[PDB]
Amino acid sequence: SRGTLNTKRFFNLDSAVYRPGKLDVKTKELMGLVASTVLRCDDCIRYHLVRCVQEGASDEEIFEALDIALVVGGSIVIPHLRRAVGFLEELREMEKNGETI
Amino acid sequence: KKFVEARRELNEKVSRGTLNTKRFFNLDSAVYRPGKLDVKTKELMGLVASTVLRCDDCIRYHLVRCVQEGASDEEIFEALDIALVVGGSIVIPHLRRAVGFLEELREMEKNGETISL
Amino acid sequence: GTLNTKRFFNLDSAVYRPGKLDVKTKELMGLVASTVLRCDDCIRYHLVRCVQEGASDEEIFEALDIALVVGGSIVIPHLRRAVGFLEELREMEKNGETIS
Amino acid sequence: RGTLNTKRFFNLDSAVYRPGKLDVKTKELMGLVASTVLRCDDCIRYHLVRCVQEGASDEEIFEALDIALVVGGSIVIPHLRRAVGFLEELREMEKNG
Amino acid sequence: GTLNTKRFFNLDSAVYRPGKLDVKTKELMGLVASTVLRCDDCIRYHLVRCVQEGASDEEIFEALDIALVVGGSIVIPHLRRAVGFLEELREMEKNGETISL
Amino acid sequence: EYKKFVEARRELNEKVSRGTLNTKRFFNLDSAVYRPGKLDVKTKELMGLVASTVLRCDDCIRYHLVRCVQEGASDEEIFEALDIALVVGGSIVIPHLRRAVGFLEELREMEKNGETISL
């Protein structure tokens, strides 16, 4: 009803490339974060931030990743970076209140 | 060879440019120094960003650094796969070049020729 | 704007008028370009036009799949929104409402 | 929030628009052009405010936006529409104080 | 590469197979996408396929005009290259030289 | 390389022979938006340079550098513009900024040598 078999296979491949191999899942989700930030996709950034938090990334790990995206992608990324840090703070508050992420 | 030479010459000039240009280049270096993320990981992140943004010289630079910091071909390829799926088939020409360059770096390693910048 | 702005807007309209390529084809091209460049308002515009010119959901989906593979999984949020807007258009159609 | 590197980068972003051989109005117009071709609404809004503060006329702004339009393609049109809407807002504020 | 790399390449081929849109049309769409995204090797690939599938120069130019207007004057160097390459393919066609990938 | 740049531009415009009316209109608009108005030509060409740099188009960068030099821009003015492009567009701009500086050096050497800079 929505899309084709090719669409479905592509979405599946997008999930698959973030599964752990020689690189662990936290590392791959941090890479997804970096790519999503330099390409300036807010929904993608939010998805990978959630995953990073779920996989036990620290705020400092996330910040150091975001800094690489900022330098590579330029000051044009700043509004997205700002939104990312704000969303991370919401996630940490949920954690402190015992809400499932 | 050339790649290395041209990088040095650029940093030599960045005499020319401004204080702001110098400051930028210094930050570009700084953000890959070790923190809670180790330098291998940061250099792999640089590789991913460089690849999705389709900058061949950037790709080359971060491939060198990833090899220097002990990343395996399998680690590199897992990172390049994320870049490929996220950035699309337009990434393919860059991936092809990345793999050619990695093979050259591995041949240098095989022969004891130090991978330097 | 200026005289230049008007001239540019006029060219943007003109390039989708049919020639050896028919209008459905050109509007589907507009949709593909809009999707890989991730412009929601552009996507919406060309979706309306594709529907107006008789494109089927399948033709639209086949085009969106090219944009997805060429442009990468970074386009997924826009593709999702494209399909949602198409469904809205189809529902308008079934309710006897005009796609203008 | 962030690191010392983040702070330094934000500082550098401010610094590059300080006057030199190019005046601040010119530099802010360049930021406007860059922000428009790159399709960043928050960036466009920022540099519009600065352009207005530095005395740029609507005609100056329009001539800059035309460059961004041609360079960046018709894909920039939604952003150009929003820029102009926001410029009109700033001019109304100017009229009213 | 990996199984995921292989799957991605398989999907890249698959999305151009005939459906309700014919292959000529799909390859022209590939051309437009490749051009606005300024990938020269991708443009060359799709030009070869367009030519192989019987597109005319006028059809190709109408497509390139969409990409030019949508993607901007930054596209011009790529359009120049595309037209040079197309002229090479037409010379091959004139000369009865098989065009194959 | 400057000479190569000039001849390829020449041949393309000659070819835009095969352009549709739409292609020709677009090219004319591309020239028109840099003609002076309330903003002067040096300013508009410096904007073209900034836009071309953050979008990472080498031939476009080269074209606007020629025009900036022709219109009497200084290296300092050009570098202040390129710094905006670098910060905004990120370190992926660096390879292009390197090429830009190299090309500017070639133009300055032509100028020193009394060699006409033309397109």
Side-chain angles (χ1 to χ4, degrees), chain D residues 5-6 8-44 46-47 50-51 54-77 79-80, chain F residues 22-24 26-61 63-64 67-68 71-94 96-97:
Chain D
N5 293 328
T6 322
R8 285 171 190 194
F9 198 92
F10 278 51
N11 285 341
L12 180 58
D13 190 42
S14 302
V16 290
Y17 295 99
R18 298 203 221 105
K21 298 306 189 168
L22 297 179
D23 60 27
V24 65
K25 180 176 89 182
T26 298
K27 291 193 181 191
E28 292 293 349
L29 286 162
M30 293 168 161
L32 182 63
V33 173
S35 298
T36 304
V37 303
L38 290 172
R39 291 190 286 136
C40 174
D41 285 327
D42 275 6
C43 310
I44 293 169
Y46 176 81
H47 293 292
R50 296 288 298 111
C51 287
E54 299 295 340
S57 69
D58 285 354
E59 190 168 356
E60 286 176 317
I61 291 167
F62 295 155
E63 295 183 18
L65 290 172
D66 282 338
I67 294 167
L69 180 59
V70 181
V71 176
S74 65
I75 205 75
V76 313
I77 287 170
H79 295 275
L80 176 58
Chain F
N22 293 327
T23 319
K24 294 167 181 304
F26 183 93
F27 274 64
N28 185 248
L29 189 54
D30 189 38
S31 184
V33 297
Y34 296 97
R35 292 201 295 261
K38 295 296 191 174
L39 301 179
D40 70 10
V41 61
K42 184 170 73 174
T43 295
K44 293 189 181 194
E45 294 288 352
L46 286 163
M47 295 170 171
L49 178 61
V50 170
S52 298
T53 302
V54 298
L55 294 168
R56 289 188 286 144
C57 178
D58 287 328
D59 274 354
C60 309
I61 290 170
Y63 173 84
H64 292 291
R67 291 288 302 117
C68 287
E71 295 296 338
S74 70
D75 288 355
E76 190 163 355
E77 288 174 315
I78 292 166
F79 299 149
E80 289 183 23
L82 289 168
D83 276 342
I84 286 163
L86 174 62
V87 171
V88 171
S91 73
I92 30 73
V93 315
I94 290 177
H96 300 276
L97 170 69

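Here is the naming used below: chain letters follow the sequence lines, and residue numbers restart at 1 for every chain. Every heavy atom of this structure was used, including side-chain atoms; hydrogens, water molecules and symmetry mates were not.
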Distance-minimising heavy-atom pair for D:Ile75 and D:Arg39: O-CD, 3.7 Å

With F:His96 as reference, evaluate F:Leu55, F:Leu82, F:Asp58 under the side chain to side chain contact (heavy atoms under 4.5 Å, CB included) test and give the passing residue. F:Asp58

Need one label for D:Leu22: side chain, backbone, both or neither, based on atoms under 4.5 Å from any heavy atom in chain F. both

Taking F:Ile84, F:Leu46, F:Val88, F:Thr43 one by one, which has the highest count of heavy-atom pairs under 4.5 Å against chain D? F:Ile84

Would F:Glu80 and D:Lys21 count as a salt bridge (charged side-chain N to carboxylate O under 4.0 Å, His left out) here? Give the steps. CA-CA 8 Å; F:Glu80 289 183 23; D:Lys21 298 306 189 168; over 6 Å; no

Given a strict heavy-atom distance threshold of 4.5 Å, which part of F:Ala85 is in contact with chain D: side chain, backbone, both, or neither? neither

Taking the side chain as every heavy atom from C-beta outward, state whether F:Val33 and F:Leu29 have any atom pair closer than 4.5 Å. yes

Chain F contact via D:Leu69 - which portion, at a heavy-atom distance below 4.5 Å: neither

At a heavy-atom separation under 4.5 Å, does F:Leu49 approach chain D through its side chain, its backbone, both, or neither? neither

With respect to chain D, which residue among F:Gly48, F:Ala32, F:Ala81 yields the maximal number of heavy-atom pairs within a distance under 4.5 Å? F:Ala81

Which bit of D:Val37 comes within less than 4.5 Å of chain F, counting heavy atoms only: side chain, backbone, both or neither? both

I'd like to check the ring-ring contact (aromatic ring centres under 6.0 Å, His included) partners of F:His64; sequence neighbours left out, ordered by chain and number. F:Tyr34

Tell me every residue that passes disulfide (SG to SG under 2.5 Å) with F:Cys68, counting only those two or more places apart in sequence or in another chain. none

